[PDB]
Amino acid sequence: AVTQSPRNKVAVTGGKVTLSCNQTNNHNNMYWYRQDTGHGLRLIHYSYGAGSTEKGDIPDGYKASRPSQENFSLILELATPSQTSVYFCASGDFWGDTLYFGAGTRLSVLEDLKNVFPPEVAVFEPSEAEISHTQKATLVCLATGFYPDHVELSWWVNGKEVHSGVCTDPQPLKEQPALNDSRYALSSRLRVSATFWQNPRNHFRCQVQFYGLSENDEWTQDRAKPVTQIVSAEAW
């Protein structure tokens, strides 16, 4: 398998960033691609095997070390916001054979770290109207005012995590599209039969994972440090 470290990442313009990819397939070839709207998968660097690093289609900004057959890492020597993007590592047994890809890493780069923020989470209860009409109970969870778009929302019903009856936006809203760095928002529904929700023994929680700063980022502000965390909201 090919895995990527880290999976999420926030960095200030001018700083150094290393994404490492480690591969359990016994493959010579490895590639780093970047992915963004309208351009899709674009190759940056690749490696025929342990030792080499050849430039791909769009190398400027990036450097890649290939220490062994297992590791390929790329380094943004000094980051820019033009490099905010999602990154994908692939391995390949030989030249022009299938490629196996990693789960990707999300990298937001912004010049200030004061515009970071965690989510704020409230769940809203089903309408008595809907219950009456449809015999079904929808609840909404809304995550609001967070930056950057590094979240992972889930429903927890009675302490176990559910997937049926659930859906959640494909991608966050610009809470206000004017400002060039607007905080995001993101909604999701869990739907259940009416009988289920009007029973009060039942516990409903939605939980968004936020991905922000680390221990070794340093925080000046009075406002609490916006680190990778979990914000929750519940209901009965």
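Don't overthink the numbering: it's just position in the shown sequence, from 1.
- Note on 23 to 31 vs 52 to 60: mean CA B-factor is higher in 52 to 60.
- Comparing 213 to 221 with 13 to 21, the higher mean C-alpha B-factor in the PDB entry belongs to 213 to 221.
- Highest C-alpha temperature factor among 167, 43, 192, 178 per the entry: 178.
- Ranking 129, 121, 90, 140 by Cα temperature factor from the entry places 129 first.
- Annotation for residue 94: CA B-factor lies in the lowest third of the chain's modelled residues.
- Residue-level temperature factors show residue 155 in the middle third of its chain, judged at the C-alpha atom.
- Among the modelled residues of the chain, residue 203 sits in the middle third by CA temperature factor in this PDB entry.
- Among the modelled residues of its chain, residue 80 has a C-alpha B-factor that falls in the highest third, as given in the PDB entry.
- Among all modelled residues in this chain, the alpha-carbon of residue 116 has a temperature factor (C-alpha) in the highest third.
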